[PDB]
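Chemist:
In the entry's author numbering, the protein residues as written are 11 to 66.
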């Protein structure tokens, strides 16, 4: 990801793929993402969590 906004895009997309409950916590959503094999897409970014300031 070139910018944090691109990580944010993938974040929301994975939230849709994992049907993350609207009442789910940010940390819980992260856990559901980890379960997704596409997690590595976000893990690659050393500022993964720092890019999710719009969600945390």
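The C-beta atom is built at its ideal place from N, Cα and C for all residues, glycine as well.
Between which two residues does the alpha helix (DSSP H) carrying residue 51 extend?
Modeler: Position 41 of the chain shown holds residue 51. Start and end: 50 to 53.
Chemist: Should residue 64 and residue 55 be called a contact, given that it needs their Cβ atoms to be closer than 8 Å?
Modeler: Here residue 64 corresponds to residue number 54 of the chain shown, with the count starting at 1. Here residue 55 corresponds to residue number 45 of the chain shown, with the count starting at 1. No. Outside cutoff.
Chemist: Starting from residue 21 and walking both ways along the alpha helix (DSSP H), at which residues does that stretch end?
Modeler: Residue 21 sits at position 11 when you count from the first residue of the chain shown. The continuous alpha helix (DSSP H) containing residue 21 extends over residues 14 to 27.
Chemist: What's the C-alpha gap between residue 25 and residue 50?
Modeler: Within the chain shown, the letter at position 15 stands for residue 25. Within the chain shown, the letter at position 40 stands for residue 50. Distance between the alpha carbons of residue 25 and residue 50: 15 Å.
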